[PDB]
Amino acid sequence: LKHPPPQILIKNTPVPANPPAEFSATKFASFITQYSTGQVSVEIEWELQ
Amino acid sequence: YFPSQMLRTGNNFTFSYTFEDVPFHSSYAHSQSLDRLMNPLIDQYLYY
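Residues numbered from 1 in each chain as written, not as in the entry; some residues may be left out. Chains lettered and ligands numbered in written order. Part of a larger assembly, values for the part shown. Heavy atoms only, no water.

Engineer: Looking at this structure, I do not really get the overall build of chain B. What am I missing?
Structural biologist: Across its full length, chain B carries 0 helices and 0 strands. C-alpha atoms of chain B, sized along the principal axes, occupy 80 × 25 × 15 Å. Carbon together with sulfur atoms contributes 58% to the accessible area of chain B, which is approximately 6,400 Å² in total. (Helix = DSSP H or I, 4+ residues; strand = E, 2+ residues; numbered from the N terminus. Areas by Shrake-Rupley, 256 points an atom, 1.4 Å probe, with all protein chains shown as cover.)

Rendered as C-alpha cells:
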C-alpha cells in the first residue's frame, strides 16, 4: 500500500512527583509511576471474490 | 504692522486656542530601577 493504515501512537503522559520547594531549572526526573489499560476495537470490511 | 483690535471701556477681547497632541507629563516616580529589574529568585540562562 502506497498509503497504508497509519501508525497509531499512544503514551501515558508524565506526572511529576512532588517537586522541590525551591525552584530548580535542572531537568525534571521524578515521576509518579503509572500504567494504563483499556480495550481497543478494530473493524475491517473485506471484499470477497 | 499687524491687524489688531482696538478697545474702549465698553469693548472686550476674546479668543480660544486648542493644544496639540502631547505626551502626558510623568507625574510619578519609579518604584524600581533599571539595574534591579530582574527576578531575585532565579538564575539566567546567559553566562558572562
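Engineer: Help me out: how do you make sense of the overall build of chain A in this one?
Structural biologist: When helices and strands are counted, chain A shows 0 helices and 0 strands. Within the span of chain A, comprising 49 residues, buried residues form 2% of the whole. Surface exposure of chain A reaches about 6,000 Å², of which carbon and sulfur atoms provide 57%. (Buried < 20%, exposed > 50% of the residue type's maximum accessible area, 1.4 Å probe, protein only.)

Engineer: What's the story with a nonpolar patch on the surface in this structure? I'm lost.
Structural biologist: Taken together, the side chains of B:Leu7, B:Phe13, B:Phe15, B:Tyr17 and B:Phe19 present a nonpolar region at the surface, about 660 Å² in accessible area. On the basis of relative accessible area, B:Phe15 is assigned to the exposed category, the value being 61%. (Patch = residues over 30% accessible without salt bridge, like charges linked within 9 Å, V, L, I, M, F, W, Y side chains within 5 Å. Salt bridge = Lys/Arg side-chain N within 4 Å of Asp/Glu carboxyl O.)

Engineer: How do you make sense of the packing of aromatic side chains when you look at a structure like this?
Structural biologist: Centre-to-centre distance and the angle between the planes together describe a pair of aromatic rings. Residues and elements named next belong to chain B. All chains considered together, the criterion is met by 3 aromatic pairs over all chains. Seen in terms of ring centroids, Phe13 and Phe15 are 6.4 Å apart; in terms of plane orientation they differ by 35°. Their pairing is tilted. Since its relative accessible area comes to 54%, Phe13 is described here as exposed. Aromatic side chains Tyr17 and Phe19 sit 4.9 Å apart centroid to centroid with 75° between the ring planes, which places their arrangement in the edge-to-face category. As far as the burial class goes, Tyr17 and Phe19 line up, both exposed. (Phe/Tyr/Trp six-rings, centres within 6.5 Å; stacked < 30°, edge-to-face > 60°.)

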